[PDB]
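S.K.: sequence plus experimental coordinates follow:
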Amino acid sequence: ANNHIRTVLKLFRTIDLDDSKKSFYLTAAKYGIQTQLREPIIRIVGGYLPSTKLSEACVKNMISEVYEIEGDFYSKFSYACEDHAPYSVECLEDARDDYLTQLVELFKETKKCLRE
Amino acid sequence: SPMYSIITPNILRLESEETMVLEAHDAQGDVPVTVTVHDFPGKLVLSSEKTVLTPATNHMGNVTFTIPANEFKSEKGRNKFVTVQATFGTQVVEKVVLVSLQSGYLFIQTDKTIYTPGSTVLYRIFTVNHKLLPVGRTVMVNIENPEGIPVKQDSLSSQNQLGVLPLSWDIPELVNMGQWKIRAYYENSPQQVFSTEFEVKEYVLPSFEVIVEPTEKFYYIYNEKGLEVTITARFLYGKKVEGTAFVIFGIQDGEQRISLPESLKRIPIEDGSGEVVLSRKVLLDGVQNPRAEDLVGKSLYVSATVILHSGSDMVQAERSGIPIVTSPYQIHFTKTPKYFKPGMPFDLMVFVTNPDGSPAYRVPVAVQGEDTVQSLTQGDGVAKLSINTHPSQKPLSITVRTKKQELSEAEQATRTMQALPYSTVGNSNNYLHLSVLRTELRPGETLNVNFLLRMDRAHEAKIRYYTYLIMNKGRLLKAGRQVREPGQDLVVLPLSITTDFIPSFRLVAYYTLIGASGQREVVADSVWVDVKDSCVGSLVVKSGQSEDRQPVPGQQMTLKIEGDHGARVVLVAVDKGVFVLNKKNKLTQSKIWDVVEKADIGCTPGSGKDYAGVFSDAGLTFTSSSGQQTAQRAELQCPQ
Amino acid sequence: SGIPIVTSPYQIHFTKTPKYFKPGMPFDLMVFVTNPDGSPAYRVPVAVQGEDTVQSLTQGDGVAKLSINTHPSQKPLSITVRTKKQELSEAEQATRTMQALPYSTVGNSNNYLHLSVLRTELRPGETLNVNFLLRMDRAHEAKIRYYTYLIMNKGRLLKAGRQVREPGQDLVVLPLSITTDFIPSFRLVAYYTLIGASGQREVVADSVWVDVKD
Amino acid sequence: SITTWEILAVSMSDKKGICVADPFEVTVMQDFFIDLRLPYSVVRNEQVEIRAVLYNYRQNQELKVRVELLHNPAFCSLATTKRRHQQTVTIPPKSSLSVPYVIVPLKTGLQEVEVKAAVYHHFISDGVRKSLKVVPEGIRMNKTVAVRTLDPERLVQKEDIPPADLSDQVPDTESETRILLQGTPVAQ
Ligand SMILES: *[C@@H]1O[C@H](CO)[C@@H](O)[C@H](O)[C@H]1NC(C)=O
Ligand SMILES: *[C@@H]1O[C@H](CO)[C@@H](O)[C@H](O)[C@H]1NC(C)=O
Ligand SMILES: *[C@@H]1O[C@H](CO)[C@@H](O)[C@H](O)[C@H]1NC(C)=O
């Protein structure tokens, strides 16, 4: 549909990540969410009748979980990783794999919200 | 008078398991045997590994030992020899065998095939021994400039690394262009060096691959239609290209390339395929020799430049090696034995190949004489032919010619061979033929050799067994007996071909009798068998998904690896644009098997002038207490 | 239907094996290992009971080429084919026996002929080499100069020829052009003829069954 | 990257041997995507042309892209922090399109170039950030400072190599000096 699409996009603008963090980390996190949790969602929502209604409640739960998952990825990138220097690109690459993995797990779990 | 024989590979190797098969023909009771190896000249690298021979094994045994490498590194420019002196009871037999310095192979793998300055180089160095197993040795690596001056030197150990040594190098910003080289060599044997080439160039990745495949991989000189080349262009990710393509033709002789000015053409490609023809008038007028026949041998080359209607990207693709020939087939005698036996089938392995070099498929060959014989080639371009031989001493002049239909007789391919007869001991007429099937054998299926025999009825009771050996990759693999009851003239020995026999095994055989005035003699034979070239194990990669194909960028997918247990895989993913830009110096199983086969000691595909010749051709050394011993070898490579 | 309840996963058949052999010369066994329903078994290691060190592996079409030598004796020969696939208990291996009587000559003159041959799934077009192996003592060896051979296909004499044998040799290889006319099988017969004993005519023959891909 | 990856696996097993799998190819592809085309390097202060190529692979759906070149403080082009550069193009189905952009590099180093698309009436986007090298105008030449033969007895030997003139050296450019040592073998 289209009204559903506008509602979902309006909802993925409330998401906020800290600006003080490093630029490449922000791009990595935003690209991960935009490719694993906004493209399939937008595709699924586009295929609804206009009369069908969404359920934004656990979509807000989606947003709460994506804040938590980004927080864990940032913590693992900052100091948890030990095989390499902190704040370094190889630590980012090492953590991005499982960041996207839990992110796709979240999307797969939350694919049941989009209907009543 | 019992004999005691030692059979060992002709050239030994440092730090490897080398087998020495011991027999004691016509020996009664147990005999102690001790094998000791000493440096030549002088005198004790090893004197261990003694054995006790028993009639329970029909008096046959093997003693394996690994010679330490030390005196060995002092002198290397001149060949060095060791003496294998073994004592059978109170009788001593010794034989001097050559020792090489080569101890293993290093297969270098670089992820890409073209690098830009300021980009890191990631490469691996596999370390395997002559038997293709992981080994722990120390390597040295030097990375050469285009001119050939080392830029980086390093030393690594393969110990506890399972034979893989990942490495790196960040190319300096201000460097020379052209081919670079990486040379790696084992630390013990610095005179054998392995290498690969990676190119440093200014490039940006293309967007689509251009393929030019002519309709025939050659050009008939008397064809009045001209060369037929098809240019096809598809995007990298599987879509058709619309654009305009320029092409040009030239004559490539030796190393000088001359182009044809009247040949460049623009042939617009619709739906990603275009076709241009080089009329024979252009080919004749471009060259300064009007004699068309004198142009044979030289090769054409096609240079195709494609530009999209967008005009945003241009790609070049060149197909060289289009030979101008008068005959579409080339008959080779590489695999045929050069010596035969009077009064036996003489199996010919003709190798019909296309002019470019690829094997020919489904082509009928024939022998000019006795034209009643005719065959047809198998998958690998080898046609089994059999020619019966009269029992005569004259050399046999075999000529083979291709007899393909719808081809004029002035246009087929011919070749000639000289084959000389096996020479017995004192014209005793005691031979041995070892008939066998030769095809694209696959590991696992059995083979039935035919230990055919020919000797007078006066001595058919003296021979009761046939010894046989199997060379493979440079060392004896199996060595056993073959009992034959007297009065039986053909013996079939079922051979269990495992996957361990890749890619070829040089089966030999012999017996021993006493005849004429009562002098010992030995009669031998050899066979070369080609097995299909694949892994000794198995590995394959496929995709976990069974649905929702064409993954979008940024999407997880799971790839499944079906490899042997306990193994270790190493992965690399390369954009196909890189291979479009430079597709040379890749790594695959074919090159590994080619390198392994290029180091085999044997240097003739079977049979020989006589028994000493047969053994030396196989790559062995048969010496006995009586004296019948093979000829000495002191060169790493057999004469060309 | 047809899910058979069995105590052995393989069944050994002797449909294709010759029921007669020649004393003192190779005898080619063609076992046909099949699944209990009837489908041809693939890649099963079958072996003979005696000299268990000899074994083979069955080809794709379901026949395993096993060769066992023979003593030059007139007594009937007993074959106990016995599969030995791994991951199966010895109570699970399928077993089978067979008796093959010896070829009987004329007047016990010890004349035999044998046509040793490749045994795989031949495809039309490629060539097959047959070995006209002969056994004859040198007393009467100058009397044989050729081997006549015939080809039987679908109930007709497809191609009858000759094979000249220059005296002095005991093996000659006759190349056969297996065209597409040979589908699916051909029974290559052969014979010669000599004057033996006190001047009595006699003939010695043999045959081979070859299966071509259908 | 929208391309065809070729994945090669090499085995190293202790008991069996070494294997090299046949290459396995996965063909990554999207319905509508940008393929920005850049030269390897563009010389500083010299105007060059950059093409954005937009692809559409819907079988029968005409598309309405809105491309855009975000501002970059390094280069110079029509984009500015106050005004944005937008072409609203139309892509016929199963057809490409080319958009021209002119950019003047201004500072050295490695600089990024990006274009961002946004389909109309559907909700599809694709932007590509590619980085190209910019180098100061000049050429690579390697003048030999000196060649000398070392002989401690015929010439110890205290030898000094004066620095090269570097008269034509381009400012703010790294210069590499290579020193090679090779012996002189004698025989016979
Ligand atoms: C001798 O060769 C046989 C071949 O079957 C092999 O089993 C045996 O291990 C070899 N001897 C030694 C000492 O390796
Ligand atoms: C006899 O058989 C041969 C087999 O090659 C065949 O060519 C021929 O037509 C037949 N008939 C005659 C009269 O030769
Ligand atoms: C300078 O570089 C060139 C590469 O074009 C090469 O021949 C060599 O490294 C140097 N040659 C001279 C003459 O300085």
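M.R.: Structure received. Residues are numbered from 1 along each chain as shown, chains lettered A, B, ... in the order given. Ligands and ions are numbered 1, 2, ... in the order given.

S.K.: switch to C-alpha atoms for all contacts and neighbour counts from now on
M.R.: Will do.

S.K.: hmm, stretch D:12-26 in reach of chain B?
M.R.: Yes. Counting by Cα under 8 Å from any Cα of the partner chain, chain B has neighbours in stretch D:12-26: D:12-22, D:24, D:26.

S.K.: could I get the full set of helices for chain A?
M.R.: Assigned by DSSP state H, the helices in chain A fall at A:3-11, A:23-36, A:39-46, A:57-75, A:89-109.

S.K.: elements contacting the last one?
M.R.: Judged by 3 or more Cα pairs under 8 Å, 6 or more residues apart in numbering or on different chains; DSSP states H and E, helix A:89-109 is in contact with helix A:23-36, helix A:57-75.

S.K.: angle of that helix against helix A:57-75?
M.R.: 160 degrees (axes from the mean of the first three to the mean of the last three Cα atoms, to 10 degrees).

S.K.: give me the buried stretch members for helix A:89-109, please.
M.R.: Residues of helix A:89-109 classed as buried by neighbour count (16 or more other Cα atoms under 10 Å in any protein chain shown): A:91-92, A:95-96, A:99-100, A:103-104, A:106-107.

S.K.: starting at the chain centroid, how far to that helix?
M.R.: Offset of helix A:89-109 from its chain centre (Cα atoms, centre = their mean, to the nearest Å): 10 Å.

S.K.: between that helix and helix A:39-46, how many degrees?
M.R.: 20 degrees.

S.K.: most proximal residue of chain A with respect to chain B?
M.R.: Distance from chain B to each residue of chain A (Cα to the nearest Cα) is smallest for residue A:35, at 6.2 Å.

S.K.: for chain A, which residues are neighbours of chain B?
M.R.: Residues of chain A lying near chain B by Cα under 8 Å from any Cα: A:32, A:35-36.

S.K.: nearest to ligand 1, of the helices of chain A?
M.R.: With distances scored as Cα to the nearest ligand atom, the stretch of the helices of chain A nearest to ligand 1 is helix A:89-109 (47.9 Å).

S.K.: which residues touch residue B:373?
M.R.: B:366-367, B:385, C:175 (Cα atoms under 8 Å, 6 or more residues apart in numbering or on different chains).

S.K.: if we go to 10 Å?
M.R.: B:365-367, B:385-387, C:174-177 (Cα atoms under 10 Å, 6 or more residues apart in numbering or on different chains).

S.K.: buried members of the residues of stretch D:12-26 next to chain B into ChimeraX, please.
M.R.: In ChimeraX, this line selects whichever of these come out buried by 16+ other Cα under 10 Å:
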select /D:12,13,14,16,17,18,19,20,21,22,24,26
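
S.K.: restricted to strands, list the residues of stretch D:12-26 next to chain B.
M.R.: Using DSSP state E, the subset of those located in strands is D:12, D:18-20, D:24, D:26.

S.K.: and those, which is closest to residue D:180?
M.R.: Using Cα to Cα, residue D:12 comes nearest to residue D:180 of those, at 39.0 Å.

S.K.: look up how far residue B:12 lies from the closest one.
M.R.: 26 Å (Cα to Cα, to the nearest Å).

S.K.: residue D:6 bridge partners, please.
M.R.: For residue D:6, the beta-bridge partners under DSSP bridges are residue B:574, residue D:25.

S.K.: what's the burial count for residue 67?
M.R.: Going with chain A. Using other Cα atoms under 10 Å in any protein chain shown, the number of residues around residue A:67 comes to 15.

S.K.: chain D, not that one
M.R.: 23.

S.K.: what sits against it?
M.R.: Counting by Cα under 10 Å, 6+ apart, residue D:67 touches D:34, D:52, D:54, D:85-89, D:99, D:115-119, D:125-127.

S.K.: which residue lies farthest from the center of the chain?
M.R.: In the absence of a named chain, chain A is used. The outermost residue of chain A relative to its centre, with distances by Cα atoms, centre = their mean, is residue A:51 at 27.4 Å.

S.K.: wrong one, chain B
M.R.: Extreme point of chain B relative to centroid (Cα atoms, centre = their mean) is residue B:310; 47.5 Å.
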